[PDB]
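S.K.:
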């Protein structure tokens, strides 16, 4: 399973 | 900025003891996607941090199930069901919901264990260094507990001051002990003025002080 | 998976430094790549991130216009450039993404010339035996700045090693010891070589540690 994020990715 | 307050500052625990660390944020960590971005890290000295938990409660792959994370809003907790020797280090929480990203101040987890006496060793200066005009003598105290130890240098039975430096390792992740290295440094001219070089070690695991010594030229 | 950072740097006041973070074992473009400062003895301070999927950056206001963050997706490598360095910028710098942290890059801001270490044996003898074991080591003396790396037997020896924190000598140069405990029985058949690397001076030294007769 891919790791969970630390924090949300930014929008594009 | 959102401030992350961690308590306690230090946890002193025995093997097998449960442990709990609190992280409180100054503002809610709920993000607009419904997730709460709260991470826990463990750092060992001279090593990098390692992530243990993300999204408040989700253990990373390979992290033992003795670790659990809980909380919501502003109040978060990392618990260890039973502490093992390898759990020592500095724990940090950090929040991923707000800008700037911010970290707690850290909680240092240290292991208490039985008293262990040092193994004591001494090393004369090398011919290579003597050729350069200096003499360093090293006294080594290996794998002792607690960290407090006294090293006294003596030269022809005269107590030295002012010509030595020492340093202590971090606590060991397997046996929870410390080690210490002390270096006495003299010019070659001063070194050759004396015969007996000794280090005397006092430690709670020793029934009386231990002296290691050598005679210059013989050793 | 892993993040591999570039080696330690000595840089002059007012100059700039560029360091790298090579990623493997997770999707580099799917997670923010963070950079984090640690002054030794202290906590962690966030500098900024780049998201490699689209290049977007976000910074701590303290570091805006000081730090530049980039990401090369063809090589899965992130970079941080810090400009106008001052004494307060000497620190370890980490990259961090997904479940991983890099091992840190130590930056020393100083106008002093680099100096490589001298390496002296800590020879085993009847005065360095305890309970049938023997200790031996290397004294790594008179270098600047930190760090040195010490391995033993080209990395084939790791058990029983203590590489101590360096001390600062009154000359302003560092000194450290690295020691190992081994069987006394095999000092005549085994070879012990300490391998010392000091990147800022491009110095490598291998020193064979042989027993004393005493």
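Protein chains in written order, with the working numbering: chain A, 60 to 71; chain B, 32 to 250; chain C, 262 to 475. Every residue, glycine too, gets a C-beta built ideally from N, C-alpha and C.
Within the chosen definition, does the stretch 225–241 of chain B reach the stretch 170–183 of chain B through at least 3 CB pairs nearer than 8 Å?
M.R.: yes
S.K.: Going by other Cβ atoms of all chains shown within 10 Å of its Cβ, with 16 needed for buried, is residue 263 of chain C buried or exposed?
M.R.: exposed
S.K.: Decide if residue 214 of chain B is buried, meaning its Cβ has at least 16 other Cβ atoms within 10 Å, or exposed.
M.R.: buried
S.K.: Is it buried or exposed, residue 349 of chain C, if we count other Cβ atoms within 10 angstroms and call 16 or more buried?
M.R.: Under this definition residue 349 of chain C is an exposed residue.
S.K.: Do residue 232 of chain B and residue 114 of chain B have their C-beta atoms closer together than 8 Å?
M.R.: no
S.K.: Compare the Cα-Cα distances from residue 410 of chain C to each of C:307, C:462 and C:331 and report the closest residue.
M.R.: C:462
S.K.: Which residues does DSSP pair with residue 102 of chain B in a beta bridge?
M.R.: According to DSSP, residue 102 of chain B shares a beta bridge with B:107.
S.K.: Assign residue 230 of chain B to buried or exposed, taking buried as 16 or more other Cβ atoms, counted over all protein chains shown, within 10 Å of its Cβ.
M.R.: Residue 230 of chain B should be labelled buried.
S.K.: Confirm, please, whether the CB-CB distance from residue 400 of chain C to residue 438 of chain C is below 8 Å.
M.R.: yes
S.K.: Give a yes or no on whether the C-beta atoms belonging to residue 367 of chain C and residue 123 of chain B are separated by under 8 Å.
M.R.: no
S.K.: Anything in the stretch 285–299 of chain C with a Cβ closer than 9 Å to a Cβ of chain A? List those residues in chain order, please.
M.R.: 287, 288, 291, 292, 293 and 295
S.K.: Which ranges would you report for the beta strand (DSSP E) in the stretch 446–471 of chain C if only whole runs of at least 3 residues count?
M.R.: For the stretch 446–471 of chain C, the continuous beta strand (DSSP E) assignments of 3+ residues that do not extend past its boundaries occur at 454–459 and 464–469, in sequence order.
S.K.: Spell out whether any CB of chain C is found under 8 Å from the CB atom of residue 255 of chain B.
M.R.: One cannot answer for residue 255 of chain B here, as it falls past the ends of chain B, which runs 32 to 250.
S.K.: Could one say the Cβ of residue 321 of chain C lies closer than 8 Å to chain A's Cβ atoms, at least one of them?
M.R.: Chain A, which has no Cβ nearer than 8 Å to the Cβ of residue 321 of chain C, makes this no.
S.K.: Answer with buried or exposed for residue 58 of chain B, where buried requires no fewer than 16 other C-beta atoms within 10 angstroms of its C-beta.
M.R.: exposed
S.K.: Go through its chain and collect everything with a Cβ distance to residue 71 of chain A's Cβ below 8 Å, but skip five positions before and after it.
M.R.: Counting only residues of its own chain and dropping the five nearest sequence neighbours on each side, residue 71 of chain A has no CB closer than 8 Å to any other CB.
S.K.: Quick check: the stretch 152–171 of chain B against the stretch 365–385 of chain C, are at least 3 beta-carbon pairs closer than 8 Å?
M.R.: yes
S.K.: May I have the straight-line CA-CA distance separating residue 89 of chain B from residue 207 of chain B, to the nearest angstrom?
M.R.: 29 Å
S.K.: With distances taken between CB atoms, is the gap from residue 413 of chain C to residue 455 of chain C smaller than 8 Å?
M.R.: yes
S.K.: Enumerate, from N- to C-terminal direction, the unbroken beta strand (DSSP E) stretches of 3 or more residues contained entirely within the stretch 297–329 of chain C.
M.R.: If only uninterrupted beta strand (DSSP E) runs of at least 3 residues are considered, those enclosed by the stretch 297–329 of chain C are 306–311 and 318–320.
S.K.: Would you check if the stretch 78–94 of chain B and the stretch 138–150 of chain B touch, i.e. whether three or more CB-CB distances between them fall below 8 Å?
M.R.: No contact exists between the stretch 138–150 of chain B and the stretch 78–94 of chain B.
S.K.: Counting only beta-carbon separations shorter than 8 Å, does residue 60 of chain A have a partner in chain C?
M.R.: It does not: the Cβ of residue 60 of chain A has no partner Cβ on chain C nearer than 8 Å.
S.K.: Between the stretch 334–367 of chain C and chain A, which residues of the former have CB atoms less than 7 Å from a CB of the latter, in chain order?
M.R.: 359 and 360
S.K.: For the candidate residues B:65, B:51 and B:198, whose alpha-carbon lies nearest to that of residue 104 of chain B?
M.R.: B:65
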